[PDB]
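> Below is the sequence, then the experimental coordinates.
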Amino acid sequence: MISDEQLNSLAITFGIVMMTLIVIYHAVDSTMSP
Amino acid sequence: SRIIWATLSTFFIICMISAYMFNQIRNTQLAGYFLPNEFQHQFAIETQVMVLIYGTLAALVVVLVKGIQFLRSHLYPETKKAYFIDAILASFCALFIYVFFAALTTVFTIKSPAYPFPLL
Amino acid sequence: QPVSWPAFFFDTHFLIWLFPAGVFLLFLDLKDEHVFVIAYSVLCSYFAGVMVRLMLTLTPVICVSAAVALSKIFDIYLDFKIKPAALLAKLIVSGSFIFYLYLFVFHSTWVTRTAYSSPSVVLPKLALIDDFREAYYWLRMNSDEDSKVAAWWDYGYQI
Amino acid sequence: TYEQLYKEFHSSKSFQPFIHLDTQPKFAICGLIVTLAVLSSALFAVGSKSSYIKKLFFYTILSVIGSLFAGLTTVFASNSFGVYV
Amino acid sequence: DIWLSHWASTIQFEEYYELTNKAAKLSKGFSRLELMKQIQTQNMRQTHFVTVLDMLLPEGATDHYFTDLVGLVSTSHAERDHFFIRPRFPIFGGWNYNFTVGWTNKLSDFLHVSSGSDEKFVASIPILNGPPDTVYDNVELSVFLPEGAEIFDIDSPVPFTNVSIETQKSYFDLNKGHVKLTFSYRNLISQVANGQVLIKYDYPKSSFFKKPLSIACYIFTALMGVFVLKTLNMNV
Amino acid sequence: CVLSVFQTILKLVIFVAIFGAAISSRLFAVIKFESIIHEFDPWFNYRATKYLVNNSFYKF
Ligand SMILES: CCCCC/C=C/C/C=C/CCCCCCCC(=O)O[C@H](COC(=O)CCCCCCCCCCCCCCC)COP(=O)([O-])OCC[N+](C)(C)C
Ligand SMILES: CCCCC/C=C\C/C=C\CCCCCCCC(=O)O[C@H](COC(=O)CCCCCCCCCCCCCCC)COP(=O)([O-])OCC[N+](C)(C)C
Ligand SMILES: *[C@@H]1O[C@H](CO)[C@@H](O[C@@H]2O[C@H](CO)[C@@H](O[C@@H]3O[C@H](CO)[C@@H](O)[C@H](O)[C@@H]3O)[C@H](O)[C@H]2NC(C)=O)[C@H](O)[C@H]1NC(C)=O
Ligand SMILES: *[C@@H]1O[C@H](CO)[C@@H](O[C@@H]2O[C@H](CO)[C@@H](O)[C@H](O)[C@H]2NC(C)=O)[C@H](O)[C@H]1NC(C)=O
């Protein structure tokens, strides 16, 4: 199966990707919409 | 007025999240300021410091969102390069938010010395 | 059973200070939904201060208000529409708060892997202790099916 | 008969898998992307505001491929995750 | 329970053992202190209770697992076609222990392809794989073949008490479950009951490819229903 | 418009990341030890739902 340090890396990667997509979305929406 | 109610409610929230009712229910001792290596017990005075910390942090963000213009209007009313005073004050607000977050993490690491992310 | 102050930081990182700030900003526009938000905030702040079990019901509002606050900030410091000074001032703040976001992600992962991910039936120099399941299974396999077991009330649900 | 079968069973031909299990993960991933691409287009087709006929003739032809890929992708992902089909 | 899979090309074995030691009972109850004392001094001294069992699996087994009815057991060790399993408690005289063992093998060394027709398969599956000196009062050997198979011939080396053919649905079995062929046996002995059940059957390519087709038909029906309910005016 | 299709794609992707995050953040005792029920009250919840599933909704 998958070990623990791998699931930790996976959780952290999911979180980072989520928070980066959220920041990009907010920037796009705030710059291109009054 | 909206401002009076806003301030009172925010101050009550800040007092409530700083473990104020812990000194009321439990009868703790003012000081010996922070009880080291204790995650569940606390001196009473720690409710008077954290408030300040919290009371400052939130405060700064409100200034960033709302009163950036008031500071230019009243500190340097020259109005020649207002867009520059705005930028400088925003940068300083960010720097001070960072300094106070660092202070918060420092006190939290005092209360729990096994903390990997101390911000400083 | 009152809760001390470090737990509020333990359970929410970087989002404890933003919560009062967001209540304030939500007390500056004062629409109809914002009254509900503020009442929720104040009531659950008190209740969680008193009882340590109600923090759960206080997290959804912490989150909401925090979000609101942060969003407001971004609405000013991520809206780029040259004057490079303003660009520097926007970059500084937006980067500081994205840094805080990443730090929050790391803190959250650490806290949940260290404090809220411990089994209950097995007890972990640093060997595994499986005495509860061993004894319960013995009881299950080598006792009569209609036997009555008398023990303290803490273990009745596992027994 | 048992002996006749036991002798039939010793035919030099042995089972050879269609797609080796070691390379089934990769396929899955690949399939996944396609399953996500084409399918998504079909969903966007709805709401085009064109004629009903065009939006149907397009939705069906895009789904008769999204499905065909998604079935294989599901089989491969199940096999790769340890739950064999 | 032996599950054959052509897509993954694997044969999964899973056994459930209701075991009991019928030796001399323990007089004066069970004393953990006496057990620890014996362990302390009596090194490799023959006993009449069960401490460790040694399951002998087929060559090249993988993904072993040893489970109980209250979660899994962590005292298990698999080396060189061998699997040592230690129960939760030492089975003394008159005690029971119901548990499960499982593992996986390559389907290449258990399924041969008939040279008569490329779509006709034969299988030789062992009857027993367990402890070196055990006794079985009841065996139910179930073989699960894919969703499309059609049994063609069957042979058992030792007499059976009942043989049945049915279907049992499993993961992603939509039309009709796996073909399940069950043999029943009464008095089997570990080393004496050698033999390989032989099962000839058919599996045409059209049944091979019917699984992704069924899954795709389900997904396609879901999509068509979503389209229908999304292109319908229910406004007032 | 163009933006109105971007903000949609992006949003979907975001909501797939959110899920992946939460789920992956909560499977830490299942992937280290085993998939089992943890505390006292969940064991009764499990007993009751198993009873429900086995017999009937009326009998439950
Ligand atoms: C929108 C959703 C899209 C998908 C997103 C989520 C999926 C990703 C999941 C990641 C890992 C999941 C697998 C866990 C690892 C093994 C679990 C296990 O081993 O447990 C299994 C349970 O298996 C499951 O049911 C898992 C299902 C497999 C998941 C594959 C993903 C595809 C899903 C797409 C669904 C499309 C539906 C179409 C409509 C027909 C218990 O096996 P057993 O005790 O019977 O032993 C088996 C041994 N015999 C057979 C000998 C007894
Ligand atoms: C709304 C959407 C939400 C999306 C997010 C939701 C859930 C994801 C979050 C967390 C997942 C936790 C991961 C647990 C994994 C434990 C099992 C394990 O460790 O598998 C790993 C293997 O992995 C893999 O290489 C799988 C690679 C395939 C990539 C995934 C395919 C896409 C599936 C999703 C879409 C499915 C349908 C598509 C069309 C409809 C170990 O396998 P093994 O050695 O144990 O057995 C296997 C025995 N062999 C090794 C012999 C086979
Ligand atoms: C674990 O496996 C053992 C071995 O089969 C199971 O023991 C069996 O348990 C059932 C019910 O617990 C016994 O049925 C009883 O039969 C007597 C007649 O002797 C009857 O008077 C009772 O009312 C009851 O129906 C069965 O005899 C017994 N088998 C043996 C050989 O002792 C045990 O139930 C299994 N435990 C679990 C948790 O699966
Ligand atoms: C051989 O087949 C099965 C073995 O389980 C038995 O026959 C069926 O038994 C089930 C009970 O598990 C009943 O529900 C069925 O009605 C029985 N008949 C059929 C046709 O399925 C029995 O042991 C044997 N049946 C024989 C000898 O006819």
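Structure's in. What do you need? Residues are numbered from 1 along each chain as shown, chains lettered A, B, ... in the order given. Ligands and ions are numbered 1, 2, ... in the order given.

> which stretch of helix or strand covers residue B:56?
helix B:46-65 (DSSP states H and E).

> Could you quantify the relative orientation of the helix or strand just after that helix and helix B:46-65 as an angle?
Next in sequence after helix B:46-65, counting helices and strands by DSSP H and E, comes helix B:68-75. Angle, helix B:68-75 to helix B:46-65, by axes from the mean of the first three to the mean of the last three C-alpha atoms, to 10 degrees: 90 degrees.

> which residues make contact with helix B:68-75 from outside it?
Here helix B:68-75 makes contact (C-beta atoms under 8 Å, 6 or more residues apart in numbering or on different chains) with B:63, B:82, B:85, B:86, B:89, B:90, B:93. Just so you know, the C-beta spots here come from the backbone N, C-alpha and C atoms, and that holds for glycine as well.

> gap between that helix and the chain center?
21 Å (C-alpha atoms, centre = their mean, to the nearest Å).

> Specify the angle between the helix or strand following that helix and helix B:46-65 in degrees.
Using DSSP H and E, the helix or strand that follows helix B:68-75 in sequence is helix B:82-111. Relative orientation of helix B:82-111 versus helix B:46-65 (the same axes, to 10 degrees): 160 degrees.

> Of all the residues in helix B:82-111, which ones are buried?
B:85-91, B:93-94, B:97-98, B:100-101, B:103-105, B:107-111 (16 or more other C-beta atoms under 10 Å in any protein chain shown).

> of the contacts of helix B:68-75, closest to residue E:16?
residue B:93 (67.3 Å; C-beta to C-beta).

> Not counting residues beside it along the chain, what's closest to the closest one?
Among residues not flanking residue B:93 along the chain, residue B:64 sits closest, at 4.9 Å (C-beta to C-beta, 6 or more residues apart in numbering or on different chains).

> And residue C:124, by the same measure?
residue C:118 (7.7 Å).

> Verify the stated contact: that neighbour with residue F:29.
Yes. Under the criterion of C-beta atoms under 8 Å, residue C:118 makes contact with residue F:29 at 7.0 Å.

> Just give me the neighbour total for residue D:83.
Neighbour count for residue D:83, taken as other C-beta atoms under 10 Å in any protein chain shown: 12.

> Same question for residue C:71.
When neighbours are counted by other C-beta under 10 Å, residue C:71 comes out with 15.

> go on, residue E:118?
11.

> In which helix or strand does it reside?
Using DSSP H and E, residue E:118 falls within no helix or strand.

> ok, it to residue D:78 distance?
Using C-beta to C-beta, to the nearest Å, we find residue E:118 at a distance of 26 Å from residue D:78.

> Would you check that residue D:41 makes contact with residue D:61?
No. Applying C-beta under 8 Å, one finds residue D:41 not in contact with residue D:61, separated by 10.8 Å.

> so what secondary structure elements neighbour whichever helix in chain C runs longest?
For chain C, the longest helix by residue count, based on DSSP state H, is helix C:84-114. Here helix C:84-114 touches helix A:4-31, helix B:82-111, helix C:55-77, helix F:3-26, going by 3 or more C-beta pairs under 8 Å, 6 or more residues apart in numbering or on different chains; DSSP states H and E.

> quick one on the thing from earlier: how much space is there between the residue nearest to residue B:93 and chain D?
Counting by C-beta to the nearest C-beta, to the nearest Å, the gap from residue B:64 to chain D is 39 Å.

> Pull the contacting residues for that residue.
B:90, B:93, B:94, B:97, C:73, C:76, C:77, C:93.

> what about the nearest residue to residue D:9 once chain neighbours are set aside, is that helix, strand or coil?
Residue nearest to residue D:9 in three dimensions, not counting chain neighbours: residue E:122, with 4.7 Å by C-beta to C-beta, 6+ apart. Taking DSSP: H, G, I helix; E, B strand; the rest coil as the rule, one finds residue E:122 in the strand state.

> ok, now which ones touch residue E:122?
Going by C-beta under 8 Å, 6+ apart, residue E:122 touches D:5, D:8, D:9, D:11, E:111, E:112, E:113, E:114, E:198, E:199, E:200.

> Ok, residue D:46 next?
Applying C-beta under 8 Å, 6+ apart, the residues near residue D:46 are D:55, D:59, E:227, E:230, E:231.

> I'd like the distance between it and residue D:62.
From residue D:46 to residue D:62 the distance is 10 Å (C-beta to C-beta).

> same thing with residue C:23?
Distance, residue C:23 to residue D:62, by C-beta to C-beta: 48 Å.

> Also residue E:77?
53 Å.

> same thing with residue E:127?
From residue E:127 across to residue D:62, the span is 52 Å (C-beta to C-beta).

> do residue E:123 as well
42 Å.

> thinking again about what came up before, now render the helices and strands packed on helix C:84-114 as a markdown table, adding distance to ligand 3.
Converted to a markdown table, these look like this (distance: least, C-beta to the nearest ligand atom, whole Å):
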| stretch | distance to ligand 3 |
| --- | --- |
| helix A:4-31 | 32 |
| helix B:82-111 | 49 |
| helix C:55-77 | 37 |
| helix F:3-26 | 31 |
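
> closest one to residue F:47 among those?
Proximity to residue F:47 (C-beta to C-beta) singles out helix F:3-26 among these, at 22.9 Å.

> what's next to the closest one, contact-wise?
A:7, A:10-11, A:14-15, A:17-18, A:21-22, A:24-25, A:28-29, A:32-33, C:108-109, C:112, D:40, D:44.

> List only buried entries from these.
For the contacts of helix F:3-26, buried by 16+ other C-beta under 10 Å: A:7, A:10-11, A:14-15, A:17-18, A:21-22, A:25, A:29, C:108-109.

> farthest-separated two in the residues you listed?
A:7 and A:29 (32.7 Å).

> what does chain A put close to chain D?
Contact residues, chain A versus chain D (C-beta under 8 Å from any C-beta of the partner chain): residue A:1.

> Closest residue of chain A to chain E?
Residue of chain A nearest chain E, by C-beta to the nearest C-beta: residue A:1 (9.3 Å).

> thought residue E:145 was touching residue E:5?
No. Counting by C-beta under 8 Å, residue E:145 sits too far from residue E:5 to count as a contact (9.4 Å).

> And ligand 2, is the helix or strand hosting residue E:4 touching that?
Element membership for residue E:4, per DSSP H and E: strand E:2-5. No. Using C-beta under 6 Å from any ligand atom, strand E:2-5 stays clear of ligand 2, coming no nearer than 11.4 Å.

> Sheet-wise, list the partners of that strand with their directions.
Strand E:2-5 sits in its sheet next to strand E:10-20 (antiparallel), strand E:139-145 (parallel), going by DSSP bridges.

> Check those for me and report the most buried one.
Burial of the strands paired with strand E:2-5 is given as mean neighbour count (mean count of other C-beta atoms under 10 Å in any protein chain shown); strand E:139-145 ranks first at a mean of 19.

> quick check, stretch F:23-32 touching ligand 1?
No. Between stretch F:23-32 and ligand 1, judged by C-beta under 6 Å from any ligand atom, nothing touches; the nearest distance is 8.5 Å.

> Report the buried residues of that stretch.
If you call a residue buried by 16+ other C-beta under 10 Å, then stretch F:23-32 has these buried ones: F:24, F:25, F:28, F:29, F:31.
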